[PDB]
Amino acid sequence: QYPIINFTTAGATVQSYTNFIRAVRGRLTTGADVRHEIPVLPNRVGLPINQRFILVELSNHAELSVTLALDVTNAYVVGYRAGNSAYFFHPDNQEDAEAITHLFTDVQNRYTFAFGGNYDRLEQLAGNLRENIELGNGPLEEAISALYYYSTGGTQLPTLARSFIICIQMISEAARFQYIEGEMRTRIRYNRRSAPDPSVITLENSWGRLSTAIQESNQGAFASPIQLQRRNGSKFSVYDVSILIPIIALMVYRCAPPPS
Amino acid sequence: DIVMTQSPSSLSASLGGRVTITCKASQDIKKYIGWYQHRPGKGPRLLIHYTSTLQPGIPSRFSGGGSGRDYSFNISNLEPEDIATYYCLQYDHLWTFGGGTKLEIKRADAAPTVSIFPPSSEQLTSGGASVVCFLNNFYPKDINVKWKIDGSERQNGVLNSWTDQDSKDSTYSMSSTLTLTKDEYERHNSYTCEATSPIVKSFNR
Amino acid sequence: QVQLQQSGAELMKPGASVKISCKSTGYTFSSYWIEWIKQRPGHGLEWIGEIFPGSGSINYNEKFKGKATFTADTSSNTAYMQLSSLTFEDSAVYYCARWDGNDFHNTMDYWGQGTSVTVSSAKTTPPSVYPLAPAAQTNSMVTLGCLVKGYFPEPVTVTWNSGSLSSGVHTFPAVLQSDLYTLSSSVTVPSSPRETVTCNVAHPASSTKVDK
Amino acid sequence: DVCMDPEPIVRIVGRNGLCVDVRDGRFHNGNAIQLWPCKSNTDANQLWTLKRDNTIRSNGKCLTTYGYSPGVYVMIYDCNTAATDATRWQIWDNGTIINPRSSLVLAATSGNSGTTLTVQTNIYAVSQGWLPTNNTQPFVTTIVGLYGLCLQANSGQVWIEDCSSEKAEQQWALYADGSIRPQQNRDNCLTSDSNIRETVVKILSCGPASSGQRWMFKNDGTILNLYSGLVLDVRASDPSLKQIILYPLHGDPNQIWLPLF
């Protein structure tokens, strides 16, 4: 029923991952809502549920397959399926709990965690911050095992939470920021696995504050600056969208354009 | 009583070339002729004495020659600093200066950079009003300046002043001033000076 | 190191007499001749005469035998030429030149800066100095100007910021309106200043230095 | 909902990293606007309020073009005294500030400090690029392109080499005028020529500040020369050629870049 984008970690090259993220974006937004040359995801208000979600299928080496569910409005993972079991994060409202009811109708059992999908809860469960959790082809291939084997009670919860941290950053956050897509692309080439730098972490914390500053901008100028970080984490202030255009690929809908 | 006929009266050559100045005497001065270089503002500068003996400190590109009543004076490998007025001076009997020869360096043609200035309010208090127009760093010297008030040409009350040729970039300069009374000044609006497509720089008030 | 400093520009009414000095500051004054050369704006160079200090020797042109008189002051190394009963045709620039007459192959050597002698019945009037304020001027650098109008006699020295910077400065020859002089001067400075620029006009004949 | 745009008090940086500045801090009708080094304090001659009526105001007065022809100068002026569309300005996403009536662009036709601003025909030159920010300094990054290797230049030629963060020959200062200048000598610019396909991009001085030295980082990952319409291209996807050419857009990996801050 829902659209599905497939990806494998087995022969994962630079081109195979680039085509994957570019295919995730093409199914996330129509591209008609473009503000300052940065596409915008559809608005949450008037979305039929037949266009509310997309499915991401992760299948690593050793036959293991898992299927994530992503919300079109914010490109975030809302849950996953493994064979006959389905798991979802605790929704932050009653309306979105109804949209979850329409995901994974084939499963035998529906499980809803007591924790949400935000990082502050996931990092506490995993016992590590994002700065101490490595990413790349390696960690993703291991995360697929932790999600799949969790149904049989074979993976620890900290391992599962960290695995959620891996999949969200390499799939969701890479579709939002082509800068993060390039970071993972740098890790797949040279086959290195690295934890994210302060540059990636601060961008993940700012996706909400960046989309508001860009959509609510006077011809691209910000009302109030946004503080970022570099590799060193020495921080710099952004006052205009011009430098963020090669950085942000998707934006959450905050408003409609004015008639102009 | 000896007469020195220096010819020509003026010259015009380019950098690197050589010029020749002829001095014709009324009688045999027996090679006792000198050659001087006079830049405006400076005092004349001795170049050669006794026909060909060059002055200590002068480049070798200057040279003289002649005997009896006919003498010549060369300047090879011309430079921009050679702009002056050259004279011959006999000293066989008393003294006699030549007519002179004003030298011009020929460079590439250049258009003037025009600038115009409204009359100062301090001048308006004195009852007068003079609008100034500059034409700086052009070539050749021949330029027509045309004043315009409300579009109509004005030819009376104009004073022109040409500078000597610059000894470095071989350019000239000009300042034309239009002198009008203050009441006649404020009876009209726009002011314009055109340089002869002409070059135009104007102010409005 | 051979300098002949001549006296400054002299203004004198028609019929009066003027004395032009010429100091030597580089050699033994009594051993060399002092020549006197007249230059009109359209007459080239005329020889007036020569005076030999240490002796009393004088040679006249015969053209100036009733006009010019040369004296000498070996106690001060200054030579003098006195032009008497000045006509309007005496208005010229006069030079003193050194002649080493030790052997007849030498000609006139070092010349002075010249002394401008103006013979007119006009009265000395100071110049009304005006600033030429220009903001709608590019060429990577701005050009200012100063106007020196209605003065007599010549000359007026125009400098900017008391001697700096003449990259730069274009001072134009004065024009005579019979008998009032006017001249203009402009300066080109980079676009960043204006940090302050004013011109200095100096009319020594009227003793007026206008800082505007 | 509906987006309400604000009126942020923001400086305007441009050619050679110089701020849009009211000359000598005088605010009478007619005084021109000049290039000037960016101050660190609160002098209103460099702080501009980006108003909602498409007017750029400092201390109350408005940024106003003297006319609608190239190249008359741009001056400070009263908003209610000047023509209501001689004070109108649009700020484009590619650093272009254009007057809608004249269709002319705010330009700095000279790189020296104190250069009077004018309006010129839009050629997307470095002299015509601007950026509303309070950032006095440009953004210093390495540029990573094909095969994860870094853009690098040694005095003359630019190419791509192994991304060793140590070199500082791979450090680039992204100036507010759209120019890409190496961190070593910030007087040199990433310069293109003739707007012809397969032209080797070189490293020349930012003296002319022409169209060809101005670049824009795009969303698809390309570095576009706005005037020519072509993008930076690693010739034949062969880094061993030491040639970065200017080629039309296709989106292949040789045209994809990323500024790793």
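Residues numbered from 1 in each chain as written, not as in the entry; some residues may be left out. Chains lettered and ligands numbered in written order. Heavy atoms only, no water.

- Its PDB header attributes the entry to X-ray crystallography and lists the resolution as 2.89 Å.

As for the overall build of chain A
- A tally of helices and strands in chain A yields seven helices and 10 strands.
- For 260 residues, the compact-globule estimate of 2.2 N^0.38 gives 18 Å, and chain A sits close to it at 18 Å.
- Within chain A, contacts between residues at least 6 apart in sequence are counted, and of these 67% link residues at least 24 apart.
- For chain A, the accessible area works out to roughly 11100 Å², and carbon and sulfur atoms hold 47% of it.
- Computed over 22 positive and 23 negative side-chain charges, the separation of the two mean positions in chain A equals 4 Å. (Helix = DSSP H or I, 4+ residues; strand = E, 2+ residues; numbered from the N terminus. Rg over C-alpha atoms; globule rule 2.2 N^0.38 Å. Contact = heavy atoms within 4.5 Å. Areas by Shrake-Rupley, 256 points an atom, 1.4 Å probe, with all protein chains shown as cover. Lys, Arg positive; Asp, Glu negative; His and termini not counted. Charge placed at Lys NZ, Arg CZ, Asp CG, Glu CD.)

Some points on helix α6 (residues 178-188) of chain A
- Of all 11 residues making up α6(A), 10 are buried, and the element is well covered by its neighbours.
- Within the sequence span of α6(A), burial applies to A:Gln178, A:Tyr179, A:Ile180, A:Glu181, A:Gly182, A:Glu183, A:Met184, A:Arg185, A:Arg187 and A:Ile188.
- Next to the buried residues of α6(A) lie α1 (14-26), α4 (137-148), α5 (157-176) and α7 (198-215) of chain A together with β26 (258-260) of chain D.
- Just past α6(A), the residue A:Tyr190 takes up positive phi, approximately 65°. (Buried < 20%, exposed > 50% of the residue type's maximum accessible area, 1.4 Å probe, protein only.)

As for the interface of chain C and chain B
- If you look at the interface, chain C gives 42 residues, while chain B gives 40 residues.
- Contact with chain B buries surface across chain C, with C:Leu45, C:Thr107 and C:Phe172 losing the most and accounting together for 18% of the total.
- Here chain C and chain B share one salt bridge between them.
- Linking B:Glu122 and C:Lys212 is a salt bridge whose minimum nitrogen-to-oxygen distance equals 3.9 Å.
- Examining the composition of the side of chain C that touches chain B, we find that five residues originate from one element, strand β13 (residues 141-151) of chain C, more than from any other.
- Residues belonging to the side of chain C that touches chain B are distributed by class as follows: 19 nonpolar, 18 polar and five charged. (Buried area = accessible area lost by both parts, 1.4 Å probe. Salt bridge = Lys/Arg side-chain N within 4 Å of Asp/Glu carboxyl O. Nonpolar A, V, L, I, M, F, W, Y, C, P; charged D, E, K, R; others polar.)

Looking at the arrangement of the chains
- Highest in contacts among the four pairs of chains that touch are chains B and C.
- If you take every C-alpha in chain A and every C-alpha in chain C, the smallest gap between them is 28 Å, and the two do not touch.

Here we look at the sheet that holds strand β6 (residues 77-82) of chain A
Residue and element names in this part refer to chain A.
- Taken in spatial order, the six strands make up an open sheet running β1-β4-β5-β6-β7-β8, and their pairing is mixed. With partners counted over all chains shown, the strands left at the sheet margins are β1 (4-8) and β8 (109-112), one partner each. Averaged over all pairs of adjacent strands, the angle between strand axes in this sheet comes to 20°, irrespective of strand direction.
- The sheet contact formed by strand β7 (residues 85-88) and β8 spans four bridges and is parallel. Across the sheet, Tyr-87 pairs through a bridge with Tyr-111, a residue of β8.
- Its contacts with the sheet place α1 against β1 and β4 (53-59), and it is angled at close to 160° to β1.
- α4 contacts β1, β4, β5 (65-71) and β6 of the sheet and is inclined by roughly 95° relative to β5. (Pairing = 2+ DSSP bridges. Axes fitted to C-alpha atoms, helices over the stretch in contact; angles between N-to-C directions.)

Topic: the nonpolar core
- A:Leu58, A:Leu68, A:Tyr80 and A:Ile248 are the most contacted members of the largest nonpolar core, which totals 108 residues.
- Broken down by element, the residue count for this core peaks at 11 residues, all from α5(A).
- Filtering out sequence-adjacent residues up to four positions away, A:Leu58 remains in contact with A:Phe7, A:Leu64, A:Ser65, A:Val66, A:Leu68, A:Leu140, A:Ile144, A:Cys167 and A:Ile171.
- Counting residues in hydrophobic clusters, the runner-up holds 24 residues, among them B:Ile21, B:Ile58, B:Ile75 and B:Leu103. (Core = buried A, V, L, I, M, F, W, Y, C linked by side-chain atoms within 4.5 Å.)

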